[PDB]
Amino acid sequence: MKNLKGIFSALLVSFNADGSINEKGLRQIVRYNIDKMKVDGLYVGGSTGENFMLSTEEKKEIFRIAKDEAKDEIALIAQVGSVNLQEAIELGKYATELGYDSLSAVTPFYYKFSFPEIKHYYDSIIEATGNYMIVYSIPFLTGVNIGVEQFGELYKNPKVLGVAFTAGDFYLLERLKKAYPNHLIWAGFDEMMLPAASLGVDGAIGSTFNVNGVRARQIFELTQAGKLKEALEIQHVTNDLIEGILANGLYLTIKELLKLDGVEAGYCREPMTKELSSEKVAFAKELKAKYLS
């Protein structure tokens, strides 16, 4: 029954140097998001979580640890999608049993699945788990484009709540809000939060909210209250930080900014580069001084 509107951090995961999960570090990341970034929720097992590089057992362990640490303090969404639909169903049942408030699932990728195959994949996860479902749309990684009529076909299933929209088409975004006004949209591009919020999205899911969740909430709330001059000021500073993060290496730089606040956010998981070079550590420290001190 939890309210799923608002600000969700896409949870990063602390890894050890061999790619195993650092449980102590992961708990610190969850606590930091709840207590310091003051998020409304966590989106667990998404792209940001380095999810698609992991085994099924590692994904389950992440779901277990996040929920045990968070308890019922905040809303939790579990991304369980994959090219492997039988894995998605297994993970979806697990996360449902642990009490995740909704599931979410990336459009299946690699192969060029037809729309009917995509709709069957969502319907299958829903039927096996009995849980709510949020479509996770990220066309710049998957190459999958879903149009207005196709969203409506997905929404014929009453357990589909809406879409986590990590997409840059704001005409599509407005058309979704017009066609399906009771369905939810979470914006997925942190550097375009202000314009997405201007179109009445219901929340946002972001990797950078792990370190910049305070400003993110401001942008969102001020935009929806009509305080655009102030919201734009804060989006400008946010995007100076994001531009730095992206140039330096997104996941590693957010983890370095966490480490600089005492959170043991650990290594990245190979095949991503597992650690920053010394010059890039220095650069991350300059970002910390300029934007998060």
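Residues carry their position along the shown sequence, with the first being 1.
The stretch with the higher mean CA B factor, choosing between 240-248 and 66-74, is 66-74. Comparing 198-206 with 174-182, the higher mean C-alpha B-factor in the PDB entry belongs to 174-182. Taking only the listed residues 219, 128, 161, 103, the entry reports the highest CA temperature factor at 128. Among the modelled residues of the chain, residue 262 sits in the highest third by CA temperature factor in this PDB entry. In the PDB entry, residue 189 places in the highest third of its chain by CA B-factor. The entry lists a Cα temperature factor for residue 50 that places it in the lowest third of the chain's modelled residues. Compared with the other modelled residues of the chain, the Cα B-factor recorded for residue 277 ranks in the highest third. When the CA B factors of the chain's modelled residues are split into thirds, the value for residue 223 lands in the middle one.
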